[PDB]
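Enquirer: Structure file my_file_21.pdb (PDB, C-alpha atoms and all ligand atoms) is given on the next line.
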```pdb
ATOM      1  CA  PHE A   1     -82.024  27.026 -83.557  1.00  0.00           C
ATOM      2  CA  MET A   2     -78.255  26.826 -83.228  1.00  0.00           C
ATOM      3  CA  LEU A   3     -76.174  26.143 -80.135  1.00  0.00           C
ATOM      4  CA  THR A   4     -73.117  28.312 -79.544  1.00  0.00           C
ATOM      5  CA  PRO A   5     -69.863  26.632 -80.722  1.00  0.00           C
ATOM      6  CA  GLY A   6     -68.270  24.484 -78.030  1.00  0.00           C
ATOM      7  CA  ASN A   7     -71.705  23.973 -76.439  1.00  0.00           C
ATOM      8  CA  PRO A   8     -70.981  26.242 -73.462  1.00  0.00           C
ATOM      9  CA  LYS A   9     -73.611  25.966 -70.737  1.00  0.00           C
ATOM     10  CA  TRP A  10     -74.246  26.665 -67.094  1.00  0.00           C
ATOM     11  CA  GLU A  11     -73.651  23.664 -64.889  1.00  0.00           C
ATOM     12  CA  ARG A  12     -75.958  25.008 -62.170  1.00  0.00           C
ATOM     13  CA  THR A  13     -79.659  25.679 -62.634  1.00  0.00           C
ATOM     14  CA  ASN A  14     -80.111  28.487 -60.081  1.00  0.00           C
ATOM     15  CA  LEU A  15     -78.341  31.537 -61.468  1.00  0.00           C
ATOM     16  CA  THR A  16     -78.080  35.039 -60.064  1.00  0.00           C
ATOM     17  CA  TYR A  17     -78.179  38.298 -61.949  1.00  0.00           C
ATOM     18  CA  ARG A  18     -77.551  41.913 -61.094  1.00  0.00           C
ATOM     19  CA  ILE A  19     -78.698  45.116 -62.833  1.00  0.00           C
ATOM     20  CA  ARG A  20     -75.634  47.371 -62.419  1.00  0.00           C
ATOM     21  CA  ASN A  21     -77.023  50.616 -63.838  1.00  0.00           C
ATOM     22  CA  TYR A  22     -80.044  52.085 -65.627  1.00  0.00           C
ATOM     23  CA  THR A  23     -81.249  54.030 -68.652  1.00  0.00           C
ATOM     24  CA  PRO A  24     -82.778  57.530 -68.411  1.00  0.00           C
ATOM     25  CA  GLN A  25     -85.434  56.519 -71.030  1.00  0.00           C
ATOM     26  CA  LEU A  26     -87.388  54.363 -68.564  1.00  0.00           C
ATOM     27  CA  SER A  27     -87.946  54.246 -64.805  1.00  0.00           C
ATOM     28  CA  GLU A  28     -85.828  51.852 -62.721  1.00  0.00           C
ATOM     29  CA  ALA A  29     -88.909  49.696 -62.102  1.00  0.00           C
ATOM     30  CA  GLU A  30     -89.536  49.465 -65.884  1.00  0.00           C
ATOM     31  CA  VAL A  31     -85.945  48.345 -66.492  1.00  0.00           C
ATOM     32  CA  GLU A  32     -86.173  45.835 -63.618  1.00  0.00           C
ATOM     33  CA  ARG A  33     -89.505  44.455 -64.882  1.00  0.00           C
ATOM     34  CA  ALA A  34     -88.251  44.121 -68.496  1.00  0.00           C
ATOM     35  CA  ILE A  35     -85.248  42.154 -67.264  1.00  0.00           C
ATOM     36  CA  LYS A  36     -87.292  39.989 -64.863  1.00  0.00           C
ATOM     37  CA  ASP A  37     -89.854  39.060 -67.547  1.00  0.00           C
ATOM     38  CA  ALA A  38     -87.091  38.417 -70.108  1.00  0.00           C
ATOM     39  CA  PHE A  39     -85.494  35.856 -67.778  1.00  0.00           C
ATOM     40  CA  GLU A  40     -88.926  34.375 -66.991  1.00  0.00           C
ATOM     41  CA  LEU A  41     -89.432  33.540 -70.711  1.00  0.00           C
ATOM     42  CA  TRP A  42     -86.503  31.122 -70.619  1.00  0.00           C
ATOM     43  CA  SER A  43     -87.259  29.974 -67.084  1.00  0.00           C
ATOM     44  CA  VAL A  44     -90.713  28.641 -68.033  1.00  0.00           C
ATOM     45  CA  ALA A  45     -89.211  26.424 -70.769  1.00  0.00           C
ATOM     46  CA  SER A  46     -86.255  24.993 -68.840  1.00  0.00           C
ATOM     47  CA  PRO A  47     -85.185  24.050 -65.308  1.00  0.00           C
ATOM     48  CA  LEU A  48     -83.355  27.361 -64.835  1.00  0.00           C
ATOM     49  CA  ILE A  49     -84.209  29.641 -61.897  1.00  0.00           C
ATOM     50  CA  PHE A  50     -83.058  33.280 -61.819  1.00  0.00           C
ATOM     51  CA  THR A  51     -82.490  35.220 -58.621  1.00  0.00           C
ATOM     52  CA  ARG A  52     -81.761  38.937 -58.556  1.00  0.00           C
ATOM     53  CA  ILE A  53     -79.173  40.348 -56.167  1.00  0.00           C
ATOM     54  CA  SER A  54     -78.833  44.105 -55.438  1.00  0.00           C
ATOM     55  CA  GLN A  55     -75.062  44.278 -54.941  1.00  0.00           C
ATOM     56  CA  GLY A  56     -72.261  41.792 -55.164  1.00  0.00           C
ATOM     57  CA  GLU A  57     -71.114  39.203 -57.632  1.00  0.00           C
ATOM     58  CA  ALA A  58     -73.864  37.717 -59.762  1.00  0.00           C
ATOM     59  CA  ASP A  59     -73.549  35.072 -62.487  1.00  0.00           C
ATOM     60  CA  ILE A  60     -75.063  37.466 -65.019  1.00  0.00           C
ATOM     61  CA  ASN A  61     -74.187  41.156 -64.866  1.00  0.00           C
ATOM     62  CA  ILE A  62     -76.493  43.460 -66.780  1.00  0.00           C
ATOM     63  CA  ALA A  63     -75.530  47.044 -67.695  1.00  0.00           C
ATOM     64  CA  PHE A  64     -76.015  49.985 -70.086  1.00  0.00           C
ATOM     65  CA  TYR A  65     -72.745  51.237 -71.605  1.00  0.00           C
ATOM     66  CA  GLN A  66     -71.636  53.654 -74.294  1.00  0.00           C
ATOM     67  CA  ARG A  67     -68.938  53.071 -76.954  1.00  0.00           C
ATOM     68  CA  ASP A  68     -65.743  51.645 -75.355  1.00  0.00           C
ATOM     69  CA  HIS A  69     -66.653  49.879 -72.101  1.00  0.00           C
ATOM     70  CA  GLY A  70     -63.813  47.561 -71.227  1.00  0.00           C
ATOM     71  CA  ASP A  71     -64.445  44.429 -73.249  1.00  0.00           C
ATOM     72  CA  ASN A  72     -62.991  45.015 -76.690  1.00  0.00           C
ATOM     73  CA  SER A  73     -66.464  45.065 -78.313  1.00  0.00           C
ATOM     74  CA  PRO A  74     -67.279  48.779 -78.358  1.00  0.00           C
ATOM     75  CA  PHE A  75     -70.828  49.902 -78.940  1.00  0.00           C
ATOM     76  CA  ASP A  76     -71.521  52.157 -81.930  1.00  0.00           C
ATOM     77  CA  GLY A  77     -73.948  54.915 -80.989  1.00  0.00           C
ATOM     78  CA  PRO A  78     -77.649  55.148 -81.933  1.00  0.00           C
ATOM     79  CA  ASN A  79     -78.997  52.174 -83.916  1.00  0.00           C
ATOM     80  CA  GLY A  80     -76.760  49.494 -85.420  1.00  0.00           C
ATOM     81  CA  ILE A  81     -75.667  47.102 -82.655  1.00  0.00           C
ATOM     82  CA  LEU A  82     -78.174  47.326 -79.783  1.00  0.00           C
ATOM     83  CA  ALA A  83     -76.628  44.976 -77.241  1.00  0.00           C
ATOM     84  CA  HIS A  84     -74.444  41.907 -76.781  1.00  0.00           C
ATOM     85  CA  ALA A  85     -73.895  39.068 -74.337  1.00  0.00           C
ATOM     86  CA  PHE A  86     -71.228  36.517 -73.498  1.00  0.00           C
ATOM     87  CA  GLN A  87     -71.640  32.725 -73.610  1.00  0.00           C
ATOM     88  CA  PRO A  88     -71.993  30.789 -70.312  1.00  0.00           C
ATOM     89  CA  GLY A  89     -68.842  30.824 -68.236  1.00  0.00           C
ATOM     90  CA  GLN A  90     -66.948  32.445 -65.397  1.00  0.00           C
ATOM     91  CA  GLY A  91     -66.360  36.150 -65.046  1.00  0.00           C
ATOM     92  CA  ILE A  92     -67.571  38.048 -68.127  1.00  0.00           C
ATOM     93  CA  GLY A  93     -69.342  34.805 -69.093  1.00  0.00           C
ATOM     94  CA  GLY A  94     -73.102  35.240 -69.322  1.00  0.00           C
ATOM     95  CA  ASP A  95     -72.949  39.036 -68.946  1.00  0.00           C
ATOM     96  CA  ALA A  96     -75.327  41.200 -70.989  1.00  0.00           C
ATOM     97  CA  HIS A  97     -74.478  44.755 -72.105  1.00  0.00           C
ATOM     98  CA  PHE A  98     -76.936  47.177 -73.674  1.00  0.00           C
ATOM     99  CA  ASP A  99     -75.980  50.209 -75.792  1.00  0.00           C
ATOM    100  CA  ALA A 100     -76.707  53.228 -73.583  1.00  0.00           C
ATOM    101  CA  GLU A 101     -77.174  55.437 -76.665  1.00  0.00           C
ATOM    102  CA  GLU A 102     -80.373  53.699 -77.813  1.00  0.00           C
ATOM    103  CA  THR A 103     -83.908  54.834 -77.249  1.00  0.00           C
ATOM    104  CA  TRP A 104     -85.074  52.061 -74.874  1.00  0.00           C
ATOM    105  CA  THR A 105     -88.808  51.550 -74.585  1.00  0.00           C
ATOM    106  CA  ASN A 106     -91.576  49.351 -73.177  1.00  0.00           C
ATOM    107  CA  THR A 107     -93.656  50.083 -76.318  1.00  0.00           C
ATOM    108  CA  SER A 108     -93.764  49.119 -79.995  1.00  0.00           C
ATOM    109  CA  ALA A 109     -91.255  51.922 -80.789  1.00  0.00           C
ATOM    110  CA  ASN A 110     -87.555  51.080 -81.300  1.00  0.00           C
ATOM    111  CA  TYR A 111     -86.143  49.633 -79.164  1.00  0.00           C
ATOM    112  CA  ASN A 112     -88.248  47.426 -76.780  1.00  0.00           C
ATOM    113  CA  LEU A 113     -85.920  46.589 -73.867  1.00  0.00           C
ATOM    114  CA  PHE A 114     -87.829  43.474 -72.775  1.00  0.00           C
ATOM    115  CA  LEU A 115     -87.485  41.948 -76.276  1.00  0.00           C
ATOM    116  CA  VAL A 116     -83.798  42.854 -76.718  1.00  0.00           C
ATOM    117  CA  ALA A 117     -82.996  41.586 -73.190  1.00  0.00           C
ATOM    118  CA  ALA A 118     -84.839  38.296 -73.898  1.00  0.00           C
ATOM    119  CA  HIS A 119     -82.723  37.785 -77.048  1.00  0.00           C
ATOM    120  CA  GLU A 120     -79.481  38.583 -75.217  1.00  0.00           C
ATOM    121  CA  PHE A 121     -80.300  36.131 -72.426  1.00  0.00           C
ATOM    122  CA  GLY A 122     -80.613  33.378 -75.012  1.00  0.00           C
ATOM    123  CA  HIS A 123     -76.931  34.056 -75.744  1.00  0.00           C
ATOM    124  CA  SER A 124     -76.142  34.250 -71.976  1.00  0.00           C
ATOM    125  CA  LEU A 125     -77.604  30.750 -71.662  1.00  0.00           C
ATOM    126  CA  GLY A 126     -75.714  29.179 -74.596  1.00  0.00           C
ATOM    127  CA  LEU A 127     -77.792  29.749 -77.768  1.00  0.00           C
ATOM    128  CA  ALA A 128     -76.428  31.145 -81.024  1.00  0.00           C
ATOM    129  CA  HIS A 129     -78.547  32.710 -83.783  1.00  0.00           C
ATOM    130  CA  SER A 130     -81.441  30.799 -85.340  1.00  0.00           C
ATOM    131  CA  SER A 131     -82.156  30.762 -89.079  1.00  0.00           C
ATOM    132  CA  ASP A 132     -85.894  30.629 -88.269  1.00  0.00           C
ATOM    133  CA  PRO A 133     -87.142  34.177 -89.013  1.00  0.00           C
ATOM    134  CA  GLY A 134     -89.813  33.778 -86.330  1.00  0.00           C
ATOM    135  CA  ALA A 135     -87.373  32.801 -83.579  1.00  0.00           C
ATOM    136  CA  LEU A 136     -86.480  35.186 -80.750  1.00  0.00           C
ATOM    137  CA  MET A 137     -82.845  34.197 -81.513  1.00  0.00           C
ATOM    138  CA  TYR A 138     -83.129  35.354 -85.179  1.00  0.00           C
ATOM    139  CA  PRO A 139     -80.230  37.805 -85.999  1.00  0.00           C
ATOM    140  CA  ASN A 140     -82.433  40.874 -86.632  1.00  0.00           C
ATOM    141  CA  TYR A 141     -84.662  42.780 -84.221  1.00  0.00           C
ATOM    142  CA  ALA A 142     -88.407  43.031 -84.736  1.00  0.00           C
ATOM    143  CA  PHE A 143     -91.239  44.044 -82.434  1.00  0.00           C
ATOM    144  CA  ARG A 144     -93.837  41.444 -81.347  1.00  0.00           C
ATOM    145  CA  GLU A 145     -96.643  41.982 -78.827  1.00  0.00           C
ATOM    146  CA  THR A 146     -95.147  41.804 -75.349  1.00  0.00           C
ATOM    147  CA  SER A 147     -98.134  41.812 -72.973  1.00  0.00           C
ATOM    148  CA  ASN A 148     -98.426  38.010 -72.928  1.00  0.00           C
ATOM    149  CA  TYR A 149     -95.320  37.077 -74.908  1.00  0.00           C
ATOM    150  CA  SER A 150     -94.042  33.501 -74.809  1.00  0.00           C
ATOM    151  CA  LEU A 151     -90.959  31.955 -76.404  1.00  0.00           C
ATOM    152  CA  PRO A 152     -91.387  30.990 -80.076  1.00  0.00           C
ATOM    153  CA  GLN A 153     -91.301  27.207 -80.495  1.00  0.00           C
ATOM    154  CA  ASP A 154     -87.835  27.244 -82.071  1.00  0.00           C
ATOM    155  CA  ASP A 155     -86.324  28.903 -78.986  1.00  0.00           C
ATOM    156  CA  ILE A 156     -88.044  26.324 -76.757  1.00  0.00           C
ATOM    157  CA  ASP A 157     -86.438  23.618 -78.889  1.00  0.00           C
ATOM    158  CA  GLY A 158     -83.089  25.299 -78.474  1.00  0.00           C
ATOM    159  CA  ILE A 159     -83.157  25.763 -74.691  1.00  0.00           C
ATOM    160  CA  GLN A 160     -84.508  22.191 -74.281  1.00  0.00           C
ATOM    161  CA  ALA A 161     -81.607  20.937 -76.406  1.00  0.00           C
ATOM    162  CA  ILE A 162     -79.188  22.479 -73.921  1.00  0.00           C
ATOM    163  CA  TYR A 163     -80.887  22.117 -70.538  1.00  0.00           C
ATOM    164  CA  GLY A 164     -83.350  19.340 -71.301  1.00  0.00           C
ATOM    165  CA  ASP A 165     -82.915  15.579 -71.718  1.00  0.00           C
TER     166      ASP A 165
HETATM  167  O1  LIG Y   1     -77.098  39.496 -81.842  1.00  0.00           O
HETATM  168  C1  LIG Y   1     -76.764  40.276 -80.908  1.00  0.00           C
HETATM  169  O2  LIG Y   1     -76.957  39.927 -79.727  1.00  0.00           O
HETATM  170  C2  LIG Y   1     -76.091  41.607 -81.219  1.00  0.00           C
HETATM  171  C3  LIG Y   1     -74.579  41.409 -81.334  1.00  0.00           C
HETATM  172  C4  LIG Y   1     -74.270  40.633 -82.595  1.00  0.00           C
HETATM  173  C5  LIG Y   1     -73.089  39.829 -82.609  1.00  0.00           C
HETATM  174  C6  LIG Y   1     -72.799  39.061 -83.763  1.00  0.00           C
HETATM  175  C7  LIG Y   1     -73.654  39.097 -84.883  1.00  0.00           C
HETATM  176  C8  LIG Y   1     -74.809  39.918 -84.878  1.00  0.00           C
HETATM  177  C9  LIG Y   1     -75.108  40.685 -83.742  1.00  0.00           C
HETATM  178  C10 LIG Y   1     -76.296  41.565 -83.810  1.00  0.00           C
HETATM  179  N1  LIG Y   1     -76.586  42.189 -82.503  1.00  0.00           N
HETATM  180  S1  LIG Y   1     -77.798  43.236 -82.463  1.00  0.00           S
HETATM  181  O3  LIG Y   1     -77.559  44.141 -81.378  1.00  0.00           O
HETATM  182  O4  LIG Y   1     -77.985  43.745 -83.804  1.00  0.00           O
HETATM  183  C11 LIG Y   1     -79.278  42.323 -82.093  1.00  0.00           C
HETATM  184  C12 LIG Y   1     -79.878  42.393 -80.799  1.00  0.00           C
HETATM  185  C13 LIG Y   1     -81.148  41.805 -80.558  1.00  0.00           C
HETATM  186  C14 LIG Y   1     -81.832  41.157 -81.626  1.00  0.00           C
HETATM  187  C15 LIG Y   1     -83.239  40.704 -81.492  1.00  0.00           C
HETATM  188  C16 LIG Y   1     -83.728  39.662 -82.339  1.00  0.00           C
HETATM  189  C17 LIG Y   1     -85.073  39.233 -82.246  1.00  0.00           C
HETATM  190  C18 LIG Y   1     -85.940  39.847 -81.301  1.00  0.00           C
HETATM  191  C19 LIG Y   1     -85.453  40.888 -80.466  1.00  0.00           C
HETATM  192  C20 LIG Y   1     -84.095  41.329 -80.557  1.00  0.00           C
HETATM  193  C21 LIG Y   1     -81.148  41.033 -82.896  1.00  0.00           C
HETATM  194  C22 LIG Y   1     -79.876  41.592 -83.155  1.00  0.00           C
HETATM  195 CA    CA Y   2     -75.986  51.012 -81.216  1.00  0.00          CA
HETATM  196 CA    CA Y   3     -70.678  36.478 -65.424  1.00  0.00          CA
HETATM  197 ZN    ZN Y   4     -69.771  44.870 -73.822  1.00  0.00          ZN
HETATM  198 ZN    ZN Y   5     -77.983  37.905 -81.098  1.00  0.00          ZN
END
```
Rewrite the coordinates I just gave you, this time as structure tokens.
Expert:
Amino acid sequence: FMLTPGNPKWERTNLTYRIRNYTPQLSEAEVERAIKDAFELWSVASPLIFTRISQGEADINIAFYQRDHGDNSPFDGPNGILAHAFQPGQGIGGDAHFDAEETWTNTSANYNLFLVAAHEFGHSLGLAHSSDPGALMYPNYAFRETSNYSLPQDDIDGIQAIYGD
């Protein structure tokens, strides 16, 4: 695992998040469940607690955007970059954006939203990319069974390094 340069991290353990919009590819409940379970992966290996809010200012904004979307990191259409997130901090800090032009799924087909969201949240919490090819924080996407998914040991090591002892 690798911690993001500067070691940015949340100084509060209860964080809020808000799903700002949706993707036509899945139902709203499917998007909400993928996000909830993605946060839960990290939650069960750290002292962090995530609370969803329906409107208002949340610590972590989550949204689906296309191409230019106000942050100087434009998406690129189908495939290629799937999503991105900002390191812990105020404002844009911690926010996770997903490329609206992707085929988002809750299956083994590209691209499983739950898995991509889980990876992005690692960034939102302060983790950089791992060089362990089996880590959720590895730089390239790959499907893994999701029904009873749990964080690979390397990611546990990483989150414990930040929010542990
Ligand atoms: O890394 C990112 O967040 C973004 C932005 C970025 C910025 C700098 C360098 C590389 C990348 C690559 N991408 S990405 O869209 O191609 C990507 C997204 C998810 C996963 C993944 C890995 C394992 C399991 C499930 C999903 C991998 C890559
Ligand atoms: Ca893309
Ligand atoms: Ca934020
Ligand atoms: Zn963005
Ligand atoms: Zn990444």
Enquirer: Could you tell me how far atom CA of residue A:132 sits from atom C7 of ligand LIG 1 (chain Y), in Å to one decimal place?
Expert: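 Here the two named atoms are 15.3 Å from each other.
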Enquirer: With only C-alpha atoms as the atoms that count, which of A:48, A:159, A:82, A:136 lies nearest to residue A:66?
Expert: A:82
Enquirer: How would you write, as JSON, numbers by chain, the set of residues no farther than 7 Å from ligand LIG 1 (chain Y) when counting only C-alpha atoms and all ligand atoms?
Expert: {"A": [80, 81, 82, 83, 84, 85, 115, 116, 119, 120, 135, 136, 137, 138, 139, 140, 141, 142, 143]}
Enquirer: In Å, with one decimal, what is the gap from atom CA of residue A:18 to atom CA of residue A:129?
Expert: 24.5 Å
Enquirer: Give me, please, the distance in Å between atom CA of residue A:62 and atom CA of residue A:165, quoted to one decimal.
Expert: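 These two atoms are separated by 29.0 Å.
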Enquirer: Would you name the residues within 10 Å of ligand ZN 4 (chain Y), counting only C-alpha atoms and all ligand atoms, and put them as a PDB file with C-alpha atoms, in the coordinates of the input?
Expert:
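And here is the file that came out, part_7.pdb:
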```
ATOM      1  CA  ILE A  62     -76.493  43.460 -66.780  1.00  0.00           C
ATOM      2  CA  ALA A  63     -75.530  47.044 -67.695  1.00  0.00           C
ATOM      3  CA  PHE A  64     -76.015  49.985 -70.086  1.00  0.00           C
ATOM      4  CA  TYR A  65     -72.745  51.237 -71.605  1.00  0.00           C
ATOM      5  CA  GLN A  66     -71.636  53.654 -74.294  1.00  0.00           C
ATOM      6  CA  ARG A  67     -68.938  53.071 -76.954  1.00  0.00           C
ATOM      7  CA  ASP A  68     -65.743  51.645 -75.355  1.00  0.00           C
ATOM      8  CA  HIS A  69     -66.653  49.879 -72.101  1.00  0.00           C
ATOM      9  CA  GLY A  70     -63.813  47.561 -71.227  1.00  0.00           C
ATOM     10  CA  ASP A  71     -64.445  44.429 -73.249  1.00  0.00           C
ATOM     11  CA  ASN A  72     -62.991  45.015 -76.690  1.00  0.00           C
ATOM     12  CA  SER A  73     -66.464  45.065 -78.313  1.00  0.00           C
ATOM     13  CA  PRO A  74     -67.279  48.779 -78.358  1.00  0.00           C
ATOM     14  CA  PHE A  75     -70.828  49.902 -78.940  1.00  0.00           C
ATOM     15  CA  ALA A  83     -76.628  44.976 -77.241  1.00  0.00           C
ATOM     16  CA  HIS A  84     -74.444  41.907 -76.781  1.00  0.00           C
ATOM     17  CA  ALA A  85     -73.895  39.068 -74.337  1.00  0.00           C
ATOM     18  CA  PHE A  86     -71.228  36.517 -73.498  1.00  0.00           C
ATOM     19  CA  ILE A  92     -67.571  38.048 -68.127  1.00  0.00           C
ATOM     20  CA  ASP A  95     -72.949  39.036 -68.946  1.00  0.00           C
ATOM     21  CA  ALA A  96     -75.327  41.200 -70.989  1.00  0.00           C
ATOM     22  CA  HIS A  97     -74.478  44.755 -72.105  1.00  0.00           C
ATOM     23  CA  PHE A  98     -76.936  47.177 -73.674  1.00  0.00           C
ATOM     24  CA  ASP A  99     -75.980  50.209 -75.792  1.00  0.00           C
TER      25      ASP A  99
END
```
Enquirer: Compile the contact shell of residue A:56 as a list in words: residues with an atom at most 12 Å away, counting all atoms listed in the file, same-chain residues fewer than 2 positions apart removed.
Expert: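 Contacts, with the query itself left out: residues 16, 17, 18, 19, 20, 52, 53, 54, 58, 59, 60 and 61 of chain A.
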Enquirer: Looking at all atoms listed in the file, which of A:14, A:153, A:112, A:51 is the one that sits closest to residue A:130?
Expert: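 With all atoms listed in the file as the atom set, the closest residue is A:153.
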Enquirer: Pick from A:78, A:91, A:24, A:126: nearest to ligand ZN 5 (chain Y), with only C-alpha atoms and all ligand atoms counted?
Expert: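 Between A:78, A:91, A:24, A:126, the residue approaching ligand ZN 5 (chain Y) most closely is A:126.
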Enquirer: Using all atoms listed in the file for the distances, tell me which of A:25, A:13, A:124, A:105 is nearest to ligand CA 3 (chain Y).
Expert: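 Under the stated criterion, the closest residue is A:124.
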Enquirer: Do a neighbour search on residue A:45 at 10 Å with only C-alpha atoms, toss out local chain neighbours closer than 3 positions, and write the hits as a PyMOL selection string.
Expert: chain A and resi 40-42+48+150-151+153+155-160+163-164
Enquirer: Choose the residue, out of A:37, A:11, A:28, A:57, that has the smallest atom-to-atom separation from ligand CA 3 (chain Y); count all atoms listed in the file.
Expert: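 Closest to ligand CA 3 (chain Y) of all the choices is A:57.
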Enquirer: Could you check the closest approach to ligand CA 3 (chain Y) for each of A:23, A:111, A:88, A:7 and tell me which residue wins, using only C-alpha atoms and all ligand atoms?
Expert: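 That would be A:88, the residue with the smallest distance to ligand CA 3 (chain Y).
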Enquirer: Emit a file covering stretch 6-17 of chain A of the preceding structure with N, CA and C atoms, as a PDB file, in the first residue's frame.
Expert:
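And here's out.pdb as it stands now:
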```pdb
ATOM      1  N   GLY A   6       2.007  13.734   1.545  1.00  0.00           N
ATOM      2  CA  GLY A   6       1.572  14.747   2.498  1.00  0.00           C
ATOM      3  C   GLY A   6       0.791  14.120   3.653  1.00  0.00           C
ATOM      4  N   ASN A   7       0.395  12.859   3.464  1.00  0.00           N
ATOM      5  CA  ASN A   7      -0.372  12.103   4.453  1.00  0.00           C
ATOM      6  C   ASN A   7      -1.681  12.798   4.826  1.00  0.00           C
ATOM      7  N   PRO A   8      -2.453  13.243   3.820  1.00  0.00           N
ATOM      8  CA  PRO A   8      -3.713  13.913   4.135  1.00  0.00           C
ATOM      9  C   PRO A   8      -4.723  12.912   4.697  1.00  0.00           C
ATOM     10  N   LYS A   9      -5.404  13.302   5.765  1.00  0.00           N
ATOM     11  CA  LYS A   9      -6.398  12.436   6.377  1.00  0.00           C
ATOM     12  C   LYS A   9      -7.479  13.201   7.137  1.00  0.00           C
ATOM     13  N   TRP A  10      -8.633  12.570   7.258  1.00  0.00           N
ATOM     14  CA  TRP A  10      -9.732  13.175   7.960  1.00  0.00           C
ATOM     15  C   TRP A  10      -9.391  13.197   9.435  1.00  0.00           C
ATOM     16  N   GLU A  11      -9.701  14.314  10.080  1.00  0.00           N
ATOM     17  CA  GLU A  11      -9.436  14.444  11.500  1.00  0.00           C
ATOM     18  C   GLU A  11     -10.686  14.162  12.345  1.00  0.00           C
ATOM     19  N   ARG A  12     -11.732  13.671  11.694  1.00  0.00           N
ATOM     20  CA  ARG A  12     -12.970  13.309  12.367  1.00  0.00           C
ATOM     21  C   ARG A  12     -13.274  11.921  11.835  1.00  0.00           C
ATOM     22  N   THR A  13     -13.833  11.069  12.683  1.00  0.00           N
ATOM     23  CA  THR A  13     -14.152   9.709  12.274  1.00  0.00           C
ATOM     24  C   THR A  13     -15.554   9.518  11.707  1.00  0.00           C
ATOM     25  N   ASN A  14     -16.499  10.389  12.071  1.00  0.00           N
ATOM     26  CA  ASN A  14     -17.852  10.285  11.510  1.00  0.00           C
ATOM     27  C   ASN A  14     -17.884  11.274  10.352  1.00  0.00           C
ATOM     28  N   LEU A  15     -18.018  10.724   9.151  1.00  0.00           N
ATOM     29  CA  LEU A  15     -18.062  11.518   7.933  1.00  0.00           C
ATOM     30  C   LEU A  15     -19.404  11.350   7.239  1.00  0.00           C
ATOM     31  N   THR A  16     -19.835  12.405   6.557  1.00  0.00           N
ATOM     32  CA  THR A  16     -21.091  12.363   5.832  1.00  0.00           C
ATOM     33  C   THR A  16     -20.811  12.287   4.340  1.00  0.00           C
ATOM     34  N   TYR A  17     -21.765  11.751   3.600  1.00  0.00           N
ATOM     35  CA  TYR A  17     -21.625  11.681   2.166  1.00  0.00           C
ATOM     36  C   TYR A  17     -22.980  11.962   1.550  1.00  0.00           C
TER      37      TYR A  17
END
```
